[PDB]
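Written out below as structure tokens is the structure these notes cover.
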Amino acid sequence: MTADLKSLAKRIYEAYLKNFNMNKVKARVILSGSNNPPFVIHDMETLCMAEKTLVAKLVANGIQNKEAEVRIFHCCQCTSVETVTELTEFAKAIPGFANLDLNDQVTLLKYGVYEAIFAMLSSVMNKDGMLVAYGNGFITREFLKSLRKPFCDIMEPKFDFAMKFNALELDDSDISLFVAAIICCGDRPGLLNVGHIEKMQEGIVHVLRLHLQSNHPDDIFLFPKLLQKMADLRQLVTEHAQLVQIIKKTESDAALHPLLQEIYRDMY
Ligand SMILES: CCCCCCCCCCCCCCSCC(=O)O
């Protein structure tokens, strides 16, 4: 007559495998090097080749095509929009989330999605580049740094986060619970039922703590390491939103998708 925390951890893991198109095992298989291998984007020639195959509509406009950096930023946004959709369905697996008022579900997703995006991005990153386009491209870290300002400033802080996050050697069973804990933060601005959310947070963090104790017996400070990573992600998102606002004010061609504009509105 007790909560079965091991079963809850497995439920969360299975919901993560079901709802995210990319998982760390899938990513590692691709990154390791037989059908539809990723096209390597390391310079402008290879960017433009990859676009013609993978996002043909975006480059079908002739001299009306947007600048390379703006096309890349558009693809960044499309990736976020898709991951927002996956996170919204995943959150239904978190005990108590679907019982919250709709407005509180919206608030938790509003503040949590980018922290979750950057945590999970680590799974497709290595020190040399990252998988993109549903695992069909590999874009190099050096190519992204070569873009004109301000677009070269988007990804590098995310690689820096990811290299340290990946050194923790989490697997999908850990990351799924970490993402659920990100979503269940009771201190988000504007929440109505803080008390119930705090209890939901306490429950999922308890599951996470017990799971890490079992799955990582070698790293006795893994749970507090991950609490700190959650705080680091909040700062990474605040900084990312500031850069996006610079782009919005100064780059007239870099249209911001309406779903992401709403996420950013009144965020920080
Ligand atoms: C041809 C393929 C080119 C692909 C270009 C790279 C795609 C990067 C995906 C990660 C996006 C990071 C999202 C943060 S930037 C946009 C946002 O704020 O949502």
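Following the order of the structure tokens, first chain is A, next is B, and so on, with residues numbered from 1 inside each chain and ligands from 1 in the order they appear.
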Which residues form the shell of 6 Å around ligand 1 when you count only C-alpha atoms and all ligand atoms, given as a ChimeraX atom specification?
/A:50-51,72,75-77,79-80,132-133
Neighbour list for segment 84-94 of chain A as a ChimeraX atom specification, cut-off 12 Å, only C-alpha atoms, skip fewer than 4 positions in-chain:
/A:8-22,77-80,98-100,102,105-118,120,176-184,197,200-205,207,259-260,263
According to DSSP computed on the backbone, where in segment 49-169 of chain A is there alpha helix (DSSP H)? Give the residues as number ranges by chain.
A: 49-54, 68-90, 102-121, 141-146, 156-167
Could you tell me how far atom CA of residue 56 of chain A lies from atom CA of residue 253 of chain A, in Å and to one decimal?
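It comes out at 18.6 Å.
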So that I can check the surroundings of residue 163 of chain A, please list as a list in words every protein, DNA and RNA residue that reaches within 10 Å of it, counting only C-alpha atoms and ignoring chain neighbours fewer than 2 positions away.
residues 122, 123, 125, 126, 127, 158, 159, 160, 161, 165, 166, 167 and 168 of chain A
Residues within 10 Å of segment 64-68 of chain A, only C-alpha atoms, excluding chain neighbours under 6 positions, as number ranges by chain
A: 44, 47-48, 57-58, 74, 147-148, 253-254
In Å, with one decimal, what is the gap from atom CA of residue 7 of chain A to atom CA of residue 28 of chain A?
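Distance reported for this atom pair: 26.3 Å.
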Have a look at A:46, A:35, A:214, A:235 and name the one nearest to residue 157 of chain A; count only C-alpha atoms.
A:235
If you run DSSP on the backbone, which residues of segment 119-245 of chain A are strand (DSSP E), as a list in words?
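Strand (DSSP E) assignments inside segment 119-245 of chain A correspond to residues 125, 126, 129, 130, 131, 132, 137, 138, 139 and 140 of chain A.
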Emit the selected residues as a PDB file, in the first residue's frame, including N, CA, C and O atoms.
ATOM      1  N   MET A 125      24.633  16.037 -29.279  1.00  0.00           N
ATOM      2  CA  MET A 125      25.848  16.827 -29.424  1.00  0.00           C
ATOM      3  C   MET A 125      27.068  16.016 -29.026  1.00  0.00           C
ATOM      4  O   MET A 125      27.054  15.279 -28.032  1.00  0.00           O
ATOM      5  N   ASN A 126      28.143  16.187 -29.788  1.00  0.00           N
ATOM      6  CA  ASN A 126      29.482  15.841 -29.327  1.00  0.00           C
ATOM      7  C   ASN A 126      30.362  17.073 -29.456  1.00  0.00           C
ATOM      8  O   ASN A 126      29.902  18.152 -29.834  1.00  0.00           O
ATOM      9  N   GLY A 129      30.116  18.644 -33.156  1.00  0.00           N
ATOM     10  CA  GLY A 129      28.924  19.038 -33.872  1.00  0.00           C
ATOM     11  C   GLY A 129      27.690  18.383 -33.292  1.00  0.00           C
ATOM     12  O   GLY A 129      27.714  17.815 -32.194  1.00  0.00           O
ATOM     13  N   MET A 130      26.598  18.498 -34.033  1.00  0.00           N
ATOM     14  CA  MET A 130      25.320  18.017 -33.514  1.00  0.00           C
ATOM     15  C   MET A 130      24.444  17.445 -34.625  1.00  0.00           C
ATOM     16  O   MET A 130      24.477  17.897 -35.775  1.00  0.00           O
ATOM     17  N   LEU A 131      23.620  16.461 -34.257  1.00  0.00           N
ATOM     18  CA  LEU A 131      22.645  15.937 -35.213  1.00  0.00           C
ATOM     19  C   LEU A 131      21.490  16.899 -35.366  1.00  0.00           C
ATOM     20  O   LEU A 131      20.989  17.445 -34.376  1.00  0.00           O
ATOM     21  N   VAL A 132      20.991  17.024 -36.594  1.00  0.00           N
ATOM     22  CA  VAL A 132      19.852  17.877 -36.912  1.00  0.00           C
ATOM     23  C   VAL A 132      18.955  17.166 -37.914  1.00  0.00           C
ATOM     24  O   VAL A 132      19.329  16.155 -38.508  1.00  0.00           O
ATOM     25  N   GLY A 137      21.140  15.081 -40.591  1.00  0.00           N
ATOM     26  CA  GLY A 137      22.272  15.962 -40.806  1.00  0.00           C
ATOM     27  C   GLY A 137      23.159  15.985 -39.581  1.00  0.00           C
ATOM     28  O   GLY A 137      22.712  15.734 -38.464  1.00  0.00           O
ATOM     29  N   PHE A 138      24.431  16.294 -39.797  1.00  0.00           N
ATOM     30  CA  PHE A 138      25.362  16.548 -38.705  1.00  0.00           C
ATOM     31  C   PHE A 138      26.008  17.886 -39.019  1.00  0.00           C
ATOM     32  O   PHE A 138      26.735  18.006 -40.019  1.00  0.00           O
ATOM     33  N   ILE A 139      25.714  18.906 -38.212  1.00  0.00           N
ATOM     34  CA  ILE A 139      26.247  20.247 -38.466  1.00  0.00           C
ATOM     35  C   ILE A 139      27.392  20.491 -37.500  1.00  0.00           C
ATOM     36  O   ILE A 139      27.261  20.217 -36.299  1.00  0.00           O
ATOM     37  N   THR A 140      28.531  20.991 -38.011  1.00  0.00           N
ATOM     38  CA  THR A 140      29.705  21.093 -37.144  1.00  0.00           C
ATOM     39  C   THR A 140      29.642  22.311 -36.240  1.00  0.00           C
ATOM     40  O   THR A 140      29.056  23.348 -36.557  1.00  0.00           O
TER      41      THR A 140
END
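The protein and nucleic acid residues lying at most 6 Å from segment 141-146 of chain A are residues 42, 43, 128, 129 and 152 of chain A, with only C-alpha atoms considered and sequence neighbours fewer than 2 positions away removed.
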For residue 215 of chain A, which of A:185, A:230, A:255, A:175 is the closest residue, counting only C-alpha atoms?
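Closest candidate: A:175.
Atom to atom, atom CA of residue 25 of chain A and atom CA of residue 136 of chain A stand 15.3 Å apart.
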